[PDB]
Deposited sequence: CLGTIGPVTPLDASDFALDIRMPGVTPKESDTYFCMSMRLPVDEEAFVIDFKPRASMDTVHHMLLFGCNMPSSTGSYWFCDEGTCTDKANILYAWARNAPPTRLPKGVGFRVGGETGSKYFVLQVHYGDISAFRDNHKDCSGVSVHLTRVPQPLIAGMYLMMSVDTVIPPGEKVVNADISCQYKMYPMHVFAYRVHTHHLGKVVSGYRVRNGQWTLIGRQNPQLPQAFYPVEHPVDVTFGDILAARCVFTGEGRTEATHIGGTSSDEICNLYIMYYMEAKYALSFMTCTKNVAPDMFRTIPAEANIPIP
């Protein structure tokens, strides 16, 4: 794993690869999350245009890569339940064993560095079940990243919808957490999504609503591989639209929908969020499919 090629590998006059890999780490308990950081080598703005997972296709179940400015630690590596970043950890990439890859569409890149872009990458690697006879070989799992200083026409970002707090009342088998915001920027084109709960989430769905008509962004059971699922055909969201989501919870709290989009570079923002339910009555009209469980 260790056996080396430099952290930075120039590719042509304006592109370089960044190899982001665990520094020969040895998981000891099943189910461990290890984190590392890597500063961008350039101070000027640059664009992330591709990723390649380099996962121990023995023990690694999951990887996440975040962009942020303040990694939770300055150590060679650390344990993620002490944090990923102290500031907002902007998710850029997810990999899970046996999930579909989700690729950056051509002409799309995440904008990093420069004035307002992320200064660091933070890698999180989830090691699952190990054995107690493991020879303490080292693991250097991670991700290789393709960066260019060539301006991309389309800039990728994340629209994070979060529920802020419903409670699961006593005597409840089903609870809906609803989230909705108006959209008032230049168009975004949603091309992947990821859902996240901890309370036994049943199904999480996100929609664009335009003139009262709902268009599915994506729906998934939150209990399975939390990578990014591709949107069958990218959904454009424009000024006047409402983003809406419903998390369906069972008795026997947090619901996040991460919506990965691109925007025209001239008009792009790298992140947006909704933590409100501005149009709660609209949910009376929500498609029935939003309440159908995904076992």
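Next item on the list: Just jot down which stretches of the deposited chain sequence have no CA coordinates, in the order they come.
Entry: Gaps in the modelled chain, taken against the deposited sequence, amount to a single one at 253 to 266.
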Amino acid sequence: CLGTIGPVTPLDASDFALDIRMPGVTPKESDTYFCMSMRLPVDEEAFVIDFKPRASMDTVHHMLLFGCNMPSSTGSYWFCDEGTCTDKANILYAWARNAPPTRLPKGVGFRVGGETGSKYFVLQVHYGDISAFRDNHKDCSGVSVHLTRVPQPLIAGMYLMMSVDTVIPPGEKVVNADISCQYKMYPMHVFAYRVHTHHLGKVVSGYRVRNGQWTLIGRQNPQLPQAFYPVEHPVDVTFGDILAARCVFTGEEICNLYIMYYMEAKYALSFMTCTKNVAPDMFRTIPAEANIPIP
From here on, numbers count along this sequence of modelled residues.
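Check: Mean CA B-factor: is it higher for 100 to 108 or for 214 to 222?
Finding: On average, C-alpha B-factors are higher across 100 to 108.
Notebook entry, point to check: Comparing 187 to 195 with 128 to 136, where is the mean C-alpha B-factor higher?
Noted result: According to the PDB entry, the answer is 128 to 136.
Check: Which is it among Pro153, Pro170, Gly157, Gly206: the one with the largest CA B-factor in the entry?
Finding: Each of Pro153, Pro170, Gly157, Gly206 was compared by C-alpha B-factor; the highest is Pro170.
Notebook entry, point to check: Which of these has the highest Cα B-factor in the record: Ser76, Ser180, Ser72, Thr166?
Noted result: Of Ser76, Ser180, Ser72, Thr166, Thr166 has the highest C-alpha B-factor.
Notebook entry, point to check: Once the chain's modelled residues are ordered by C-alpha B factor and cut into thirds, is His61 in the lowest, middle or highest one?
Noted result: According to the entry, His61 has a C-alpha B-factor in the chain's middle third.
Note to self: Test of reading the entry: by CA B factor among the chain's modelled residues, which third contains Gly240?
What the structure shows: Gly240: CA B-factor falls in the middle third of its chain.
Margin query: Using only modelled residues of the chain, where does the Cα B factor of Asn256 rank: lowest third, middle third or highest third?
Written below: It belongs to the middle third of the chain when residues are ordered by C-alpha B-factor.
Check: According to the PDB entry, is the CA B factor of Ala265 in the bottom, middle or top third of its chain, that is, lowest, middle or highest?
Finding: Middle third - that is where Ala265 ends up once the chain's C-alpha B-factors are sorted.
Margin query: What third of the chain does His146 rank in for C-alpha temperature factor, lowest, middle or highest?
Written below: Bottom third by C-alpha B-factor.
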